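Remarks on the structure that follows.
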Amino acid sequence: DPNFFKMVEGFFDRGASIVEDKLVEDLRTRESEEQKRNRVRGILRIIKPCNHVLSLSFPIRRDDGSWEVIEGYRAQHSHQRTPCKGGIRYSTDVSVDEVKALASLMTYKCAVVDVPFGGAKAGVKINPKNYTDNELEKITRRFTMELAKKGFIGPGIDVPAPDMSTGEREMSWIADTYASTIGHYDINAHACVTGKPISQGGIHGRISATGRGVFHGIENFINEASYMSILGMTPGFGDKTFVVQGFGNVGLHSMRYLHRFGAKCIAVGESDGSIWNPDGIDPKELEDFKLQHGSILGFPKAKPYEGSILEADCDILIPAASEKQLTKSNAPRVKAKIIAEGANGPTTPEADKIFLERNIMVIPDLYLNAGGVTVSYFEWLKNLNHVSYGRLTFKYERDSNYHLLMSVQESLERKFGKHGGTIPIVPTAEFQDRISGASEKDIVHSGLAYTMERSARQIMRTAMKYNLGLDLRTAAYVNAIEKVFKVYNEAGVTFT
Amino acid sequence: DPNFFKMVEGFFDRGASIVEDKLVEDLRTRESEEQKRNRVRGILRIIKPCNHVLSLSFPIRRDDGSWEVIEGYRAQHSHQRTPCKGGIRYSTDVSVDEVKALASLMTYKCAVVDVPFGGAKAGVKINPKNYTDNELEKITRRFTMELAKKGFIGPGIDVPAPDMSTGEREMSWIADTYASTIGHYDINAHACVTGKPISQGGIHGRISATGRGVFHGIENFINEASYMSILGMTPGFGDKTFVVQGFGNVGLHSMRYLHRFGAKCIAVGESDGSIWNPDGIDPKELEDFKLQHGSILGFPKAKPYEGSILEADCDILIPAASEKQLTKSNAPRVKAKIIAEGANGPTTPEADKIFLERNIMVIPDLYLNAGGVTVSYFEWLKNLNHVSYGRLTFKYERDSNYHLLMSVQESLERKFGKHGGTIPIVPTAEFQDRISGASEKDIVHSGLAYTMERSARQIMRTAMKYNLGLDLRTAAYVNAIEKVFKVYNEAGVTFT
Amino acid sequence: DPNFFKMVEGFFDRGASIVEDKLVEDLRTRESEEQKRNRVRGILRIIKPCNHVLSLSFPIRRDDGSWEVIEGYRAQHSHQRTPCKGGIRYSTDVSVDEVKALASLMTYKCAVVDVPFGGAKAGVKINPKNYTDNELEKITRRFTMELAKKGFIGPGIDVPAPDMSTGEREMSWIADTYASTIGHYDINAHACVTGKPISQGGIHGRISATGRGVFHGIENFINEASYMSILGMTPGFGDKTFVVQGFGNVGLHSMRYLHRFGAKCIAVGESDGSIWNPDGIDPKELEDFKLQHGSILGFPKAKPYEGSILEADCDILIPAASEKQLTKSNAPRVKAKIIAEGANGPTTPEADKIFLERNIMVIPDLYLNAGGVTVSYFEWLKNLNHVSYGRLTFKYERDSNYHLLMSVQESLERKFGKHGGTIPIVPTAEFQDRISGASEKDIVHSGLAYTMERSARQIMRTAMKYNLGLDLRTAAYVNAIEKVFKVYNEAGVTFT
Ligand SMILES: Nc1ncnc2c1ncn2[C@@H]1O[C@H](COP(=O)(O)OP(=O)(O)O)[C@@H](O)[C@H]1O
Ligand SMILES: Nc1ncnc2c1ncn2[C@@H]1O[C@H](COP(=O)(O)OP(=O)(O)O)[C@@H](O)[C@H]1O
Ligand SMILES: Nc1ncnc2c1ncn2[C@@H]1O[C@H](COP(=O)(O)OP(=O)(O)O)[C@@H](O)[C@H]1O
């Protein structure tokens, strides 16, 4: 199994090529100049590599009193879009080649979901389990400082974020260190980082954001007849049955929402075992179980499978966990017709081939798990707007709505001598519940959905237009390289 | 035959251990807290490693019209002293690790000649021969820009400089780019980088700098009985005889000054051959002959020697060129008693150990080729002062001098009738030729000398203290670790 | 005894009036407009009170893990002159009114010595002796932050300093915290505060400063026939004798320097007891004595003398010490002809009247103890300059000197047929010692003594203009009001 970097690289060179051709001819051959426009495919040669990587070595005083000098790095892939966005990862297993990779992935991912950020990612060679809360904070702060002092943390230059090794606490600090130091005078200092506590300016609905993203990623394709007939789906007996590998945030939620709308979870499988039950498995039962005690292992109304649900017979297989989990090997032996990448790179470029041979719809990481990002965009904005979404409008709207009903009602009662005979002025229970409890989350969620939909379509289209099949991935990376390109091209280089 | 980095790192660790002890006891034992002060040695763990290193990719459109991304990096070793100082190198061999290493050397080298800058170094993976004057420029400039936007160029942050691969022409572009871009509003924009054209704000006497440095460097030890006895030197008959390896800038000047003061140059080898002549060689002659034609090859009044001049018989051997020229191999076969490192790292750690074992004094890169830097500091200051050293005082002092003389003359004529009898009022020829041709260069040269001398003693003292002998190099690394440490200590780290 | 506030306020109001008149008629009645110029004495109404005063309550987390708020202030008296200057006091008994008063003094004191800074002062209601080194640091840093966020610390705004209750360790932190936060980009961030360690950018000669000041103050006057006659001094038998309350910093150096030049110390006190001996006491010997063990008490070659030495028959009494030590009480009983205020407000107002009636020449704190301040202003520049005074000239000068001698020589020789018969070329032993050991302190000391002089002369003149006598104080306060007024006057207010 190749390393994340070789993979992305590949992916990019793949979609690069594909593009090239088209990218010149029916996209800009009305003003052709010595067809030395083919030569402008240098742009893509620029777009490939990370423009800036900062590596650091900064001390901290451990509680005990002894000094230690921590290493870390943050890589900014592309600044085609001014604020670079990307998380920070605290783990002994970080490498400047990894962060370069993952930064690479972000730049493209964003483009996919039309989030105006450049890819970037950081990593600190540290194991959080070996440091005290106190120590951690010391580290993150001093990381924020150097990061800022050289241009790799600013609300206009590079807005970091958490990764499954870091949390809101850290972000919060990052935000606060910045705001009370370098960014003392920036009226948007709290925009420097996203994924922060609501108290510290976070945005409601961050949690469920990646999860819901998955959901809408699958949904949008499931509901297309054209793809759901090259598979033989969108049923009328079994409806839909899925499987999730990885009961960590994303998974959970993905199970929660996928189940809240028909589908029936039939397997779940963490980094400690599995579960199985071709009758179904409730989200709010398994959740609670996972919470009350240790793992999901030994859960009633379910029988313990051995290994990794990846093969379990179902319609929708969702890999919401570790890297490379679907390889050349097991690739053929997967009974699912739909693979939803609820995690970065959970399928190899060997596995792709395969799933492609045997009509398998692989819904990209590069798209499916970009729900978090999409909301992180919003968080940013929120910060810039200095107001919770809706704070001014929810009441106005609510009124506008009762008027618009009340008008119906009046006008209809004018076609019958009465003054209260008809009653349109009543919203549908669900509507009343919506308006009653209108909150930021809602707007977000919506904004989320709308992005995911409009992006799916984009993907589709840019798949049909290059006649790729179920090669949703390369369709995507292509779609992205086009975008990123367009920007670079409509300007220049040092003659931008 | 190690590598520049293992070397320096070794040199540090060496001097770091030699100091630890006496860095606690006798330097701060009359305040002692739990003797957990020996745990403060973590200041040295902090020093060791470059704190920041930026690595970038950046395009340029060659003159044919094709695009090409270029790769480079700048590493700032320390920030103990605010404006990091260090050169830029343009060569296809540059490696992060090399830069990191050189940077490392600059911090220490600066401490050695009390120059307030922190070690830095840059390198662009390019081969200037393959680019046109117009492309090179393009390249520098964009380099500057990115280097600026991320805090690696700035009159108060990092101040680059040339290297054997780069020249005042580039430095002048760096400057202007900077001035006219990010530094448009800085009243000291031109201080962003030294080693630039007089026209652009250079400092008279930049050229001869490094060379003169090397000359004094030697001189100051060659005039100290003590050392010159260990060797059996400061002779009556032969006086002194020396050879230089590398007729580049530094090697040329060295030979020029060393000669002007007695010393006979017997051999001089370049990259393309050598020259020999136990009668002597004249600098001007062998200078004009290296200018009128190509190389120094086929020079009259001098037979051609085969190979290096490193083994020629002579008193003073001076390596003014490539890296690791003196290794464990040829070490034992050198006839010279004094090796003056007129370049960085031209002697391996193994070679040192030999040289010591056979009583050979090796005047450390760290110190000897620190002339350049020394004069760069001045340049910097020259720019801050916004005036050419002496512009205001020259004439005033000249006057003050004739008024001195004039008084002696009146006061000596009032011990003898007359009113013009005795004439002291006349300056010695020399004097008159130094007053009449006063210039910035003279102030820079003197300031240079003073710093070499003062340092020299410093070294000498720190060698005798730690009973070293002719290990002038580890004295000096010690002397530097001990300066860099003080600063750090006299503040702290996060609580600095 | 009144409070420092109501005293200064008084001293101002006294000079203020004494100026008003003359500060119209012979200093501007050429242009005269309506004679409503008398109404422009509102400038002094402005000059009297402190423009701004920041109070603040910050927290720190005491080693033991608790949480406590600290209170502190910083009052900027005037800004007539850009960078406010003034120290930081750490003590439970600091009151806004006190700093305010003290700030007020600085702004005139500076004027006196021609030091371009406005008067400021800060206090922190804290007793060091109750905090650990660590805790102190936390406190002095937070302070620096909050002080910088609101414009009360800044190299061009307000440059703090140390005060009896603080040291260079703290000033070093204050500097560092600024330079690493808010002032990250200021290429003069270490000019934010003075008094700091050499290793942190301090100036050489800061600890002999206030002492050498005192000296020069007294020396300047003692060598002025005029005064020295109204007294009856500048003797031929008993040359000069002196006493010095207080043996602290300033007293000690005072004694040292005055001694070194002929005077004979004939009594030294201290907050324990006193000494005595009409044959003379050596500075070195007492100094060491003080050091070796506890306090000056029980010093050989001298007999204890109950009380204070303020009465002890001398020639020159020096009050280096505590406040209000010479009151209406003892004031007539004082054998001394000249009182040199080594500290702030030693004498009362009452006492002044008396010493005036009985022809005493009190040299005002406002001037006498301004030597510290003066240097200080150099330390500031030092930072702002980025080079140790003399670093480029020492050698150049050395040389020029020798050339000077050498010409005198040669010239003289050419009035006698021999090439080495006359030997001027040899400095005086002193001269050679000054040339050999040149250093920054020399330039600093010089500069101090030229400020002292020039300002003594100014005070005199200003006292013979307003026919004041041996009222040196007011004469000073006046000299200062004048200065500070002229700045204001030659601009305006809102239309300044
Ligand atoms: N990461 C990206 N890289 C390049 N282009 C992008 C990226 N994200 C968004 N874009 C482009 O920005 C353009 C202008 O924004 P617009 O379409 O008006 O708003 P929205 O991006 O929210 O749909 C869009 O045409 C979109 O294709
Ligand atoms: N690179 C350095 N690291 C640590 N200390 C240094 C360094 N360079 C100079 N110093 C120290 O800075 C101190 C303060 O400067 P000073 O001695 O007044 O001027 P100069 O350094 O030109 O002699 C000196 O005592 C010197 O030892
Ligand atoms: N604090 C002050 N307030 C008002 N005037 C001042 C102050 N300090 C200095 N001055 C004035 O500034 C003027 C201009 O400076 P100058 O005399 O050339 O240099 P220097 O002040 O070092 O003697 C002087 O005439 C001096 O009287």
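Odds and ends about this structure:
- Residue within the range A:438-447 that is basic (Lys, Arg) and buried (at least 16 other Cβ atoms within 10 Å of the Cβ) present: yes
- Among the residues of the range C:342-382, those that are polar (S, T, N, Q) and under 24 Å from residue C:6 (Cα atoms) comprise C:344, C:347, C:348, C:369.
- Residues of the range B:190-200 that are more than 20 Å from residue B:366 (Cα to Cα) and either among the polar types (S, T, N, Q) or surrounded by 21 or more Cβ atoms within 10 Å (Cβ to Cβ) (or both): B:190, B:191, B:192, B:193, B:196, B:199, B:200.
- In the range B:86-104 there is at least one residue that is more than 30 Å from residue B:135 (Cβ to Cβ), in contact (Cβ under 8 Å) with a residue 60 or more places away in the chain, in contact with a strand residue (DSSP E or B) (Cβ under 8 Å, 6 or more places away or on another chain) and more than 16 Å from ligand 1 (Cβ to nearest atom).
- Exactly one residue out of A:152, A:117, A:143 is buried (at least 24 other Cβ atoms within 10 Å of the Cβ), in contact (Cβ under 8 Å) with a residue 60 or more places away in the chain and farther than 19 Å from residue A:376 by Cα, and it is A:143.
- The set of residues in the range B:63-76 being within 10 Å of another protein chain (Cβ to nearest Cβ) and either farther than 30 Å from residue B:48 by Cα or acidic (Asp, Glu) (or both) consists of B:64, B:65, B:66, B:67, B:68, B:69, B:71.
- Residue selected from the range B:20-62 under the condition facing chain A (nearest Cβ under 7 Å) and among the basic types (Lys, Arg), by the criterion farthest from residue A:49 (Cα to Cα): B:36
- Every condition in (1) touching a strand residue (DSSP E or B) at 6+ places or on another chain (Cβ under 7 Å); (2) surrounded by fewer than 20 Cβ atoms within 10 Å (Cβ to Cβ) holds for residue B:214 except the one numbered (2).
- For the range B:59-85, a residue qualifies if it is more than 16 Å from ligand 2 (Cβ to nearest atom) and either part of a strand (DSSP E or B) or in contact with a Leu (Cβ under 6 Å, 6 or more places away or on another chain) (or both), and the qualifying residues are B:59, B:60, B:61, B:67, B:68, B:69, B:70, B:71, B:72, B:73, B:74, B:75.
- Any hit, the range C:407-423, residues being assigned by CATH to the domain that holds residue C:446, crowded, with 17+ Cβ neighbours inside 10 Å and in contact with a strand residue (DSSP E or B) (Cβ under 8 Å, 6 or more places away or on another chain): no
- Flag set for residue A:196, criterion: outside any helix (DSSP H, G or I) and among the basic types (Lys, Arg).
- Of all residues in the range A:456-496 being away from ligand 1 (no atom under 15 Å from the Cβ) and touching an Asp or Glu at 6+ places or on another chain (Cβ under 9 Å), the one that is nearest to the other protein chains (Cβ to nearest Cβ): A:474
- Hits in the range B:110-148 (condition: part of a helix (DSSP H, G or I) and within 14 Å of chain C (Cβ to nearest Cβ)): B:110, B:111, B:148
- Just one of the numbered conditions (1) out of contact with any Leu (no Cβ under 9 Å at 6 or more places or on another chain); (2) more than 14 Å from every other protein chain (Cβ to nearest Cβ) is not true of residue A:107: (2).
- On inspection, residue C:400 qualifies as small (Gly, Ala, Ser), within 13 Å of chain B (Cβ to nearest Cβ), crowded, with 17+ Cβ neighbours inside 10 Å and assigned to a helix (DSSP H, G or I).
- Single match in B:109, B:36, B:85 (criterion: basic (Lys, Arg), touching a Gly at 6+ places or on another chain (Cβ under 9 Å) and not assigned by CATH to the domain that holds residue B:192): B:36
- Selection within the range B:370-387 - among the aliphatic types (A, V, I, L, M) and at the interface with another protein chain (Cβ under 10 Å from one of its Cβ atoms): B:381, B:384
- Hits in the range B:107-138 - residues which are within 16 Å of ligand 2 (Cβ to nearest atom), of a type in the set (D, E, K, R) and touching a helix residue (DSSP H, G or I) at 6+ places or on another chain (Cβ under 6 Å): B:109, B:121
- Per the listing C:133, C:93, the residue uniquely away from ligand 3 (no atom under 16 Å from the Cβ), surrounded by fewer than 18 Cβ atoms within 10 Å (Cβ to Cβ), closer than 21 Å to residue C:8 by Cα and not polar (S, T, N, Q) is C:93.
- Helices (runs of 4 or more DSSP H) contained entirely in the range C:403-496, each with at least 3 residues that are within 13 Å of ligand 3 (Cβ to nearest atom): C:440-465, C:472-489
- As for the range C:166-183, it holds no residue that is surrounded by fewer than 24 Cβ atoms within 10 Å (Cβ to Cβ), within 16 Å of ligand 2 (Cβ to nearest atom) and part of a loop (DSSP other than H, G, I, E, B).
- Pair list, Cβ < 9 Å and 6+ apart or interchain, from the range B:399-423 residues that are among the charged types (D, E, K, R) to residues that are in a helix (DSSP H, G or I) and surrounded by fewer than 17 Cβ atoms within 10 Å (Cβ to Cβ): none
- The range A:86-105: number of residues that are part of a loop (DSSP other than H, G, I, E, B) and either on the phi < 0 side of the Ramachandran plot or touching a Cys at 6+ places or on another chain (Cβ under 8 Å) (or both): 6
Heads up, the Cβs are rebuilt from the backbone with ideal geometry, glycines too, and the neighbour counts pull from every protein chain shown. All of this is worked out from the model, or read from it or from the source named; none is laboratory data.
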